[PDB]
Amino acid sequence: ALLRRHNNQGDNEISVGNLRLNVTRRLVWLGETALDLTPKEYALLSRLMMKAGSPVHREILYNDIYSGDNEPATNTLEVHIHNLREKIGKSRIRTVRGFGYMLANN
DNA sequence: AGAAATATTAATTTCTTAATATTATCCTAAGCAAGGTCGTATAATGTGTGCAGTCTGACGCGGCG
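Numbered continuously in the entry's author numbering, the first sequence closes out at residue 219.
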């Protein structure tokens with residue numbers, strides 16, 4: 114409840130185009146079908162959709178999926194975004210060099 | 001049943017190359033404001049410190065008879 118009221122502005126459903134995300138139920142809906150999303154990809158997608166339209170920093174994402182203790186040594190955020198874009202479509206997740214990524218609303 | 005060891009899918013770093021698109025040097029041409037020099041033909045021809053308040057006592061020393 115807390116997380117939802119603060120970040121998702123109180124709403125239980127994020128509606129961006131054909132993407133619909135129930136953050137409380139952990140459910141992602143491409144159009145009307147359901148998607149099998151790994152934990153990490155779910156976290157990334159959650160964050161991008163909550164801050165709809167506005168690019169999120171790379172470091173914000175890196176913290177958001179990676180617990181302080183287990184921090185890897187190589188390219189992971191990029192691969193996770195790649196698979197998120199493969200399961201969702203290259204159009205949704207636009208790349209903003211230097212300052213992370215952005216989910217397009219328009 | 002409550003763990004307690006095992007086989008599977010499955011979520012996931014890790015390189016790797018290529019690649020792929022963005023982005024940021026670079027570099028020279030050119031341009032514009034700024035800084036430096038010349039050129040002036042009525043005639044014009046010598047000076048300001050514009051003073052300075054005796055400090056001062058030996059003392060050096062150059063004279064100085």
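The beta-carbon is built from N, C-alpha and C at its ideal position, and this holds for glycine as well.
Here DSSP, grouped into helix, strand and coil, assigns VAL141 to strand. One alpha carbon belongs to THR208, the other to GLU154, and they sit about 16 Å apart. Listed in chain order, the non-local C-beta contacts of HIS170 below 8 Å within the same chain comprise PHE212 and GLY213, local neighbours out to five positions each way being set aside. Pairing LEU116 with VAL136 gives a Cβ-Cβ distance under 9 Å. Assignment of beta strand (DSSP E) within the stretch 170 to 212, counting only whole runs of 3 or more residues, yields 206 to 208 in chain order.
DSSP, read as helix, strand or coil, puts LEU134 in strand.
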